[PDB]
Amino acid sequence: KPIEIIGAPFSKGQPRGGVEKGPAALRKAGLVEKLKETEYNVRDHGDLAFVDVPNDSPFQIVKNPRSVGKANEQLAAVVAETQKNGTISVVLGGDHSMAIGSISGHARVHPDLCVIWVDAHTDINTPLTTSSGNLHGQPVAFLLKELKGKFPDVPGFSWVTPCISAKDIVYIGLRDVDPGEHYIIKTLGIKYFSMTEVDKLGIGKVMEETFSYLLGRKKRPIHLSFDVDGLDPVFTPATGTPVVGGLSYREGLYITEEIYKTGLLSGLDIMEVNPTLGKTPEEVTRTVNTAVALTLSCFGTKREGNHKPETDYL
């Protein structure tokens, strides 16, 4: 199989700066090469340079709208672009609002996809709900159909087309959800697994379930949008919003691991890494490798080992 990496050095989805340095640190952590070490061919597409929207106005509360609308428009494009060639898209990112882009682009070639969302937050707030115009906390509200026309069309996201219903999305790692968001997920009946569910079933069953629930009938392609923050802060400290009591490195590596073991991975998102939001240099480095590690997980590497087949190591 083939792998193409897209860098989404962006950050207007939120205030704290650095997230665009995300793909910059990830490649520096040698993400590309290690990936090559697998059975997958890897092509690095570089960093989609994003033209800045002069005089971007705050649509009511929502900020830097046009920016996030055009930046995400440019991305979805490249994604659908690769997706058609048949390669697996892996979006190194800045804030998690590049999810619309990625996800959209993906749905163009595979409109039957599901979505596993590992984030501490649902990020399912709308321009109406959000107590901030930080679109990095709305990505699902743009991709959801059951939410279309449920809020004033936003300046820059015209090209966006609600592509999936709540019956194809699955959240894992939720532990910091806003009122409005809780409403939405309950109302629209969205299958999720808050830390409390993790706690109850155990990552194993959590994954086991989520799968049947999504690939029970028709096996479709998967889009794992992973938010480096959905792990506990002790593991991925260099982030925008940390939230104690989250997924463990182990649990996180278990997810990408069961994901891989299903061969249905199509699109991958490694968002929210802020190479600057480090209390200490280590914390960053930590955050960086664990992230890196989580990628190579989705692409083969098992915690039990790997050995090139047909070769007699004896």
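All residue numbers refer to positions in the sequence shown, first residue = 1.
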Between 223-231 and 103-111, point out the one with the higher average CA B-factor as the PDB entry records it.
-> 103-111
If you average the CA temperature factors over each stretch, which comes out higher, 235-243 or 87-95?
-> 87-95
Given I255, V273, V42, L268, the residue at which the Cα B factor reaches its maximum = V42
For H121, return the chain-relative third of its C-alpha B-factor as stated in the PDB record: lowest, middle or highest.
-> lowest
Classify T290 as lowest, middle or highest third according to the C-alpha B-factor given in the PDB entry, relative to its own chain.
-> lowest
Going by the entry, which third of its chain does the Cα temperature factor of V284 land in?
-> lowest
Sorting the chain's modelled residues by C-alpha B-factor, tell me whether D153 ends up in the lowest, middle or highest third.
-> highest
Taking the values exactly as deposited, rank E73 by C-alpha B-factor within its chain and report the matching third: lowest, middle or highest.
-> highest
